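Notes for the one structure printed next.
What follows draws every value from the coordinates through simple rules; no lab data is involved. With ideal geometry, Cβ positions are generated from the backbone for all residues, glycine too; neighbour counts draw on all protein chains shown.
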Amino acid sequence: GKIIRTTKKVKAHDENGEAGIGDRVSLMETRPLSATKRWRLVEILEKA
Amino acid sequence: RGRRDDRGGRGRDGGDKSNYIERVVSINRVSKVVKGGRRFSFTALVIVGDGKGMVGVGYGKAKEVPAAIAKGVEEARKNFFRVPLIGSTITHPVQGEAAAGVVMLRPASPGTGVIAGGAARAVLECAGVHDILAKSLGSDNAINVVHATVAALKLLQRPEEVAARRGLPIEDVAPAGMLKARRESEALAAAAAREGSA
Amino acid sequence: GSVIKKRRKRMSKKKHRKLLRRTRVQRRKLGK
Amino acid sequence: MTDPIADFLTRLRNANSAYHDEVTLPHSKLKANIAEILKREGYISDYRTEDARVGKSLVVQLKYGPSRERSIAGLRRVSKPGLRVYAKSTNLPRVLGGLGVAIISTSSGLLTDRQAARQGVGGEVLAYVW
Amino acid sequence: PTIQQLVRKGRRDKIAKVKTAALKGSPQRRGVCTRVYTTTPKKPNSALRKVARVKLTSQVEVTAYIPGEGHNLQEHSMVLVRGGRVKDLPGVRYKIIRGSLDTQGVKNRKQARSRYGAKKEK
RNA sequence: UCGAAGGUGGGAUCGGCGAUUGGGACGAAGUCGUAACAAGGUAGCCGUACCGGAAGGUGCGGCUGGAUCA
RNA sequence: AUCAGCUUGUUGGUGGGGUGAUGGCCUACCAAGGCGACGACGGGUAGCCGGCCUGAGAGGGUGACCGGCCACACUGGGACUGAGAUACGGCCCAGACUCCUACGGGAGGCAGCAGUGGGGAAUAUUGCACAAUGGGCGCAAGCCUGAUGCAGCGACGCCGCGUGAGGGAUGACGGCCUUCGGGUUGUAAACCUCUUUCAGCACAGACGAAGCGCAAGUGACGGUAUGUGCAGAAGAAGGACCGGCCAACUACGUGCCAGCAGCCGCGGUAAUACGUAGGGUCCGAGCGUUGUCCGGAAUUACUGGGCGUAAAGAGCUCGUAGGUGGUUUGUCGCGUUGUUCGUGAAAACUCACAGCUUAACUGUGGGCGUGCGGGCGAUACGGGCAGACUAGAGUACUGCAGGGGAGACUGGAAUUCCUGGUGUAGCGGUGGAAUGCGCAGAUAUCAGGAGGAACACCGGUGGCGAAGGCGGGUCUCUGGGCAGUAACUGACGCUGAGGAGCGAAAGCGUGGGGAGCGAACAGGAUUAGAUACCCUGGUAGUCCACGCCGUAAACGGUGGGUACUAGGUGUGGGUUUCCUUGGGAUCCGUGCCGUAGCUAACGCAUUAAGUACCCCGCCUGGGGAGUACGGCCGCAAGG
């Protein structure tokens with residue numbers, strides 16, 4: 001019953017390089033764009 | 001405990017009032033080393049009670065077995081103990097502990113039967129219960145499970161007592177199914193009681 | 001508690017120490 | 001200081017076990033709601049909130065019987081940090097066959113088990129007292 | 001204990017504790033018997049116990065006990081060894097079936113009758 | 001171009017057997033002593049070092065799970 | 001993790017290529033990442049699931065039948081054909097094997113249904129039909145179908161029925177006990193009526209087919225099921241157990257034998273425990289044994305355990321990830337919760353009902369499907385974000401106590417040796433002695449000198465340090481604690497897997513030093529014998545400098561933090577109100593006694609082993625064994 005905090009190192013696709021390290025980005029599932037790049041991000045919220 | 005069936009032309013067997021229910025749980029000869037050998041004595045853990053739900057616990061020490069049983073009868077006679085019920089059940093799930101004796105005494109729907117091990121089965125078969133559901137956790141003994149069961153029955157209380165402690169009008173203390181069981185058990189008390197008057 | 005447990009344990013320990021005295025040499029060379 | 005409410009109910013078990021007349025506490029919102037529930041079920045007599053060193057304080061007088069005997073026959077924190085126990089509506093866990101009560105902090109505030117049953121909402125437990 | 005310590009690692013059962021190493025999880029194994037010598041038990045129980053060590057088909061070397069009054073089996077008999085327990089001789093935990101492939105049932109056995117393999121009187 | 005099997009090569013790793021040898025468990029009963037339990041006849045035990053046919057003995061520091069009370 | 005790093009089409013980009021389709025799927029170039037203590041890469045085992053078994057449930061075990069997916073078809077590669085391919089009864093190649101050959105070369109592939117050999121404790125007939133249902137081709141008739149439908153075989157399982165019923169004695173024959181009266185078998189039997197299911201022999205004989213068919217017929221099962229008849233108690237009971245748990249006891253026979261036993265344990269000439277008999281008990285076409293699993297086992301404890309002494313608190317700290325978080329306003333709706341939609345195939349499971357003479361069995365209708373996804377709602381609590389606060393935490397200021405640590409310089413008493421006096425035959429040692437030092441001038445005493453180590457008294461249940469540990473003095477450098485004010489910061493806290501550091505004594509390396517004590521080592525004595533105690537001598541060591549090592553009864557046998565819970569009396573540090581040093585109150589420390597509560601007991605008891613919360617360590621019967629194997633650290637001993 002312990003509410004475990006778990007992490008998930010997904011991989012994601014920026015065409016325009018809008019995100020940087022530390023950001024609060026969104027995600028959305030896509031077609032398999034390469035070998036485990038299955039997410040693209042729209043409407044990045046906060047930059048660093 | 002042998003050779004009890006007997007017919008005597010003497011004064012009296014002194015059979016009289018208080019035909020209670022009496023159960024002898026265990027007897028283990030207790031030895032004591034003294035200079036030049038062993039002195040054997042006897043311990044009888046005596047349960048007495050009536051089918052209302054009053055229980056005794058007696059502990060007899062004597063160097064004869066019916067003497068120890070009779071002393072346990074007189075000691076539980078000296079020390080009775082009131083157990084509160086609902087119908088012929090128990091009120092609510094308890095756990096009793098006598099220093100290693102754990103016993104869980106949980107109620108059940110009627111018809112189920114007294115399900116307990118032999119010491120707790122003795123203390124509950126003498127008492128006024130017919131359908132509860134217990135278990136003896138730990139200590140694997142007779143004396144500690146009898147005494148733990150009686151401590152467990154000391155952790156019992158009436159629904160009404162709880163209402164009184166909190167200054168609340170019942171209804172407001174119980175839930176409703178158990179109040180309906182109060183109506184059922186007092187109703188059969190009325191039926192067998194008014195059949196008892198005629 | 002009792003000292004008997006302690007002494008059984010220590011008997012084992014002693015015996016082992018001796019066994020490493022006598023095999024000291026042998027373990028070095030058979031190992032090397 | 002790791003759990004606030006465990007120190008609250010802990011102080012009520014100690015002050016209840018040692019025959020005390022009142023008890024003093026650091027006032028907070030959740031302790032005020034629990035004190036209001038134990039008011040409304042009659043396990044404690046009444047509480048008053050003082051101003052003190054820096055903050056407000058909670059002074060609870062405990063309700064005793066016809067002699068020195070106690071109304072709160074126990075406390076037990078169940079929704080403790082580390083195993084916070086959650087409860088759907090099917091079962092607001094019944095306590096002591098129903099004779100005890102279960103302080104359950106649903107989305108409507110803080111309720112008891114019975115109020116969580118009739119009003120049709122669950123979502124926590126907290127400590128349950130008998 | 002401190003439930004996150006059980007989320008990390010903890011609370012596994014101990015060990016399967018397998019009773020018999022005959023093999024395969026098989027109830028009885030036929031076997032070639034060798035050297036049927038008779039032994040001496042522990043100190044409160046003094047007698048001569050009629051054991052025979054048997055090479056089970058399962059390639060292992062065990063030592064089984066022969067229950068009953070006497071043994072028809074000599075060297076190189078095909079005895080059908082089941083698993084049992086004899087406390088009394090240390091290391092012998094298998095019992096040879098009496099009334100089997102080679103070793104005949106116990107003769108004039110009239111009361112025990114399923115063990116010891118005695119067929120019914122005509 | 002790729003490519004299964006085959007060949008050569010030097011390794012990983014899991015085992016089986018091995019003369020001889022170390023210890024271990026059980027046996028009754030044998031030999032040798034008597035280390036421990038009573039201040040067990042030098043209080044015992046821990047660590048470590050050294051020595052001794054064996055239990056063990058001694059040193060250095062520690063400990064009461066030590067005793068009687070100068 | 002006794003497997004910690006692996007990866008170079010490997011990670012991403014662009015241009016091509018390929019595909020039914022996205023894509024390092026592929027390729028050329030460019031960039032250099034990516035994955036890992038939420039266990040990467042390796043090793044071991046394993047088809048997965050609806051389910052089944054067990055269980056109060058939570059869970060544990062399992063994946064047989066039936067059903068759903070997956071993988072393979074002698075071993076290993078490959079494509080082709082096609083809407084679609086692991087292509088079981090296709091192709092091509094290479095292997096291993098079986099077989100035919102006129103020696104040139106061919107042929108095979110039961111993990112389809114039967115069946116044979118082998119392996120094994122063990123698992124069935126080389127059956128009959130496409131009548132029914134499914135499938136294929138065909139306009140249809142129809143043809144094919146070892147799918148299926150049925151039959152055979154095995155008490156292999158589950159359920160039902162039978163082996164008779166009613167009468168029948170102060171209780172026969174026989175048996176075995178006996179207190180020699182009798183008692184049991186036993187209303188049981190013989191006998192006397194009665195009834196015959198099921199097997200037996202007769203004659204009749206299905207439903208499954210609102211089917212197919214343009215033919216007139218058609219049921220494999222089948223002359224089966226099932227009816228109605230006939231004869232007559234007529235053909236039909238066994239297995240385990242009777243010391244204790246655990247329903248059920250007596251005699252005879254062997255008397256530590258032969259044997260028994262699930263554990264405890266029974267056998268040494270009076271066994272209710274061995275073997276046989278009577279008798280009883282429990283089951284019954286079965287009843288015992290062995291194996292495998294769940295249960296009881298709260299005995300891996302989420303529900304539901306523990307750690308002073310029973311197994312169990314790392315020697316002690318600091319700190320990375322992690323876990324956990326005081327007061328209060330707002331916002332988000334990730335946790336939580338409410339509701340509705342979708343879904344969780346069928347079967348099973350549970351409830352009701354219907355069908356088969358009943359039941360097992362089968363069917364119909366609910367529930368179950370404890371879950372997951374979508375929409376809408378709630379905002380107490382947890383969390384996120386944005387803020388605010390001063391009680392926790394830390395800092396400043398004023399003091400105060402202290403064998404806290406390191407370096408340097410120095411002090412005296414005592415022991416030993418040295419030189420010189422004075423001076424003689426013993427000194428030393430012991431339970432009692434003897435080796436020993438002496439008579440060459442010892443021990444004794446006086447004066448002087450060397451040198452080393454340890455610090456009498458103060459000094460103890462006392463101080464300080466995280467723990468080891470720390471006491472001659474002084475000086476120099478430095479660490480922590482406590483109180484008071486509240487000036488500042490504003491939750492910066494707690495714990496801490498791995499990790500680094502400190503860590504008595506003994507021991508180790510290199511170089512010094514070496515008075516006393518002193519393992520080993522001698523002699524003496526004691527003793528049966530001392531490789532021991534006791535005595536005389538005595539080397540490494542003990543000391544210092546620089547490093548190793550990492551262990552202890554490193555013990556309060558008690559991990560760290562926090563809040564609370566009657567007191568009484570000592571002593572250590574400091575603030576203040578009152579008498580005026582005495583008491584009071586307060587914060588921090590350390591002891592002795594004591595309630596409540598707790599504990600198996602002893603004990604603990606505001607310095608908890610009490611009441612609760614947070615994090616870590618650790619335990620799962622005793623030996624084997626803190627040992628082997630492997631790795632890591634170490635100069636080695638070893639850890």
Peptides ranked, highest mean first, by Cβ atoms within 10 Å: ranges B:180-192, E:4-16
B:180-192, E:4-16
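Quick check on the exposure proxy: order C:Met11, B:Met104 from fewest to most C-beta atoms within 10 angstrom.
Values: C:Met11 10, B:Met104 16.
Taking fewest neighbouring Cβ atoms as first place, the list is C:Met11, B:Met104.
Cα convex hull of chain B: how many Å³ per residue? Walk me through the numbers before you get to the answer.
Working: hull volume 36.3 nm³, N = 198.
Convex hull of Cα atoms, per residue: 183 Å³.
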Going by how many other Cβ atoms sit within 10 Å of their own, how do A:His13, E:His76 line up, fewest first?
E:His76, A:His13
DSSP beta bridges in the protein assembly as shown, what fraction antiparallel, as a percent rounded to 5?
95
Just how large is the dipole of the range D:1-72 about the Cα centre, in debye to the nearest 20, putting +1 at every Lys and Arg Cβ and -1 at every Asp and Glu Cβ?
60
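Take peptide D:88-98, look around each residue's Cβ out to 10 angstrom, count Cβ atoms belonging to other protein chains, and average those counts.
Details: counts 0, 0, 0, 0, 0, 0, 3, 2, 7, 14, 11.
That works out to 3 on average.
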Nearest-ten-degree value, helix D:29-40 long axis tilted from longest Cα axis of chain D
90
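Ranking D:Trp130, A:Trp39 by Cβ neighbours within 10 Å, fewest first, what do you get?
Working: D:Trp130 21, A:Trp39 16.
Final ranking by Cβ density, sparse to dense: A:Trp39, D:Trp130.
Can you give me the span-like helices of chain B, meaning DSSP H runs with 30 Å or more of Cα extent along the axis and Kyte-Doolittle mean at or above -1.0?
On the way: long enough: B:176-197 (31 Å, -0.29).
Span-like helices, by this rule, are B:176-197.
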